[PDB]
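Report on the structure given below.
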Amino acid sequence: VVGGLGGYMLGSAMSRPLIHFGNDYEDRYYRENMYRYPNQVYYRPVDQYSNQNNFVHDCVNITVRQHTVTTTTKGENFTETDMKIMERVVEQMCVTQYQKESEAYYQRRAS
């Protein structure tokens, strides 16, 4: 069911990053469910031009599409809290591999 995301790179394991969900509702809501998180994340390979403030849609959107479109077919439309927490949490995991694997290319590399 690919052809247009078909080429997105993905991380090798990274899950349940656990944010400061300093809420009642938008905290417990995810906390009771939090086991079902995706194994990994998608990203485009890092090659110059470090951005997050705009290169968040072009790395989180895709990674959230690949989780919501698999649920929407099941008779769901990801209500705004489920979606908020998704783009919010898929942000800090999809940034973490940007902000931890780039310096690795410069100084580590091949792991």
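Chain lettering (A, B, ...) mirrors the order of the structure tokens, residue numbering begins at 1 for each chain separately, and ligand numbering begins at 1 in order of display.
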Write out as a CSV table (one decimal) with N, CA and C atoms, in the first residue's frame each polymer residue whose atoms come within 12 Å of range 102-108 of chain A, counting only C-alpha atoms; drop sequence neighbours fewer than 3 positions from it.
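Generated output (result_39.csv):
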chain,number,residue,atom,x,y,z
A,45,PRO,N,16.7,10.6,5.6
A,45,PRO,CA,18.1,10.6,6.0
A,45,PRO,C,18.7,12.0,6.2
A,46,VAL,N,19.4,12.2,7.3
A,46,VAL,CA,19.9,13.6,7.6
A,46,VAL,C,21.1,13.9,6.7
A,47,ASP,N,21.0,14.9,5.9
A,47,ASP,CA,22.1,15.4,5.1
A,47,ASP,C,22.0,16.9,5.0
A,48,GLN,N,22.7,17.6,5.9
A,48,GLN,CA,22.8,19.0,6.0
A,48,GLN,C,21.4,19.7,6.4
A,49,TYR,N,21.4,21.0,6.5
A,49,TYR,CA,20.2,21.8,6.8
A,49,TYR,C,19.5,21.3,8.0
A,50,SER,N,20.1,21.4,9.2
A,50,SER,CA,19.4,21.1,10.5
A,50,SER,C,18.2,22.0,10.7
A,51,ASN,N,17.0,21.5,10.7
A,51,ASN,CA,15.8,22.2,11.1
A,51,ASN,C,15.0,21.2,12.0
A,95,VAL,N,12.5,13.8,16.7
A,95,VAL,CA,13.6,14.7,16.9
A,95,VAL,C,14.8,14.0,17.6
A,96,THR,N,14.5,13.1,18.5
A,96,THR,CA,15.6,12.6,19.3
A,96,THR,C,16.6,11.8,18.4
A,97,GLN,N,16.1,11.1,17.4
A,97,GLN,CA,17.0,10.5,16.4
A,97,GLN,C,17.7,11.5,15.5
A,98,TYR,N,17.1,12.7,15.3
A,98,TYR,CA,17.7,13.7,14.5
A,98,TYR,C,18.9,14.3,15.4
A,99,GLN,N,18.6,14.5,16.6
A,99,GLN,CA,19.5,15.2,17.5
A,99,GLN,C,20.5,14.3,18.2
A,111,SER,N,27.0,3.0,13.7
A,111,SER,CA,26.8,3.2,15.1
A,111,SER,C,27.8,4.2,15.6
Among the residues of chain A, find those DSSP assigns to strand (DSSP E or B) from the backbone and print them as JSON, numbers by chain. {"A": [9, 10, 42, 43]}
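Contact shell of residue 9 in chain A at 7 Å (only C-alpha atoms; same-chain neighbours under 6 positions omitted): residues 42, 43, 44 and 45 of chain A.
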Store the residues of this selection in a file with N, CA, C and O atoms, as a PDB file, in the first residue's frame.
ATOM      1  N   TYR A  42       9.853   6.624  11.269  1.00  0.00           N
ATOM      2  CA  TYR A  42      10.306   7.010   9.961  1.00  0.00           C
ATOM      3  C   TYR A  42      10.957   8.393  10.025  1.00  0.00           C
ATOM      4  O   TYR A  42      10.570   9.223  10.844  1.00  0.00           O
ATOM      5  N   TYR A  43      11.915   8.664   9.140  1.00  0.00           N
ATOM      6  CA  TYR A  43      12.543   9.962   8.922  1.00  0.00           C
ATOM      7  C   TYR A  43      13.168   9.972   7.518  1.00  0.00           C
ATOM      8  O   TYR A  43      13.378   8.916   6.916  1.00  0.00           O
ATOM      9  N   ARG A  44      13.476  11.155   6.978  1.00  0.00           N
ATOM     10  CA  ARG A  44      14.305  11.263   5.774  1.00  0.00           C
ATOM     11  C   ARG A  44      15.762  11.349   6.241  1.00  0.00           C
ATOM     12  O   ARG A  44      15.994  12.106   7.190  1.00  0.00           O
ATOM     13  N   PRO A  45      16.726  10.645   5.612  1.00  0.00           N
ATOM     14  CA  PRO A  45      18.122  10.599   6.040  1.00  0.00           C
ATOM     15  C   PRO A  45      18.691  12.005   6.196  1.00  0.00           C
ATOM     16  O   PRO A  45      18.439  12.881   5.366  1.00  0.00           O
TER      17      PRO A  45
END
Q: May I have the residues within 7 Å of range 34-40 of chain A as number ranges by chain, using only C-alpha atoms and disregarding those fewer than 4 positions away in the same chain?
A: A: 10-16, 30
message = Please extract the residues of range 11-65 of chain A with a backbone DSSP assignment of alpha helix (DSSP H) and present them as a PyMOL selection string.
response = chain A and resi 25-31+62-65
Extract, using only C-alpha atoms, all DNA, RNA and protein residues at most 9 Å from residue 83 in chain A, discarding same-chain residues fewer than 4 positions from it, and format them as a list in words.
-> residues 64, 68, 78, 79, 87 and 88 of chain A
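You will find CA of residue 94 in chain A at 14.0 Å from CA of residue 67 in chain A.
The nearest approach to residue 90 in chain A among the residues A:71, A:53, A:61, A:33, with only C-alpha atoms taken into account, belongs to A:61.
When only C-alpha atoms are used to measure the gap to residue 4 in chain A, the shortest distance among A:72, A:20, A:100, A:62 belongs to A:62.
We find CA of residue 76 in chain A and CA of residue 32 in chain A to be spaced 18.2 Å apart.
For the set A:18, A:41, A:69, A:5, the residue with the smallest atom-to-atom gap to residue 85 in chain A is A:18, counting only C-alpha atoms.
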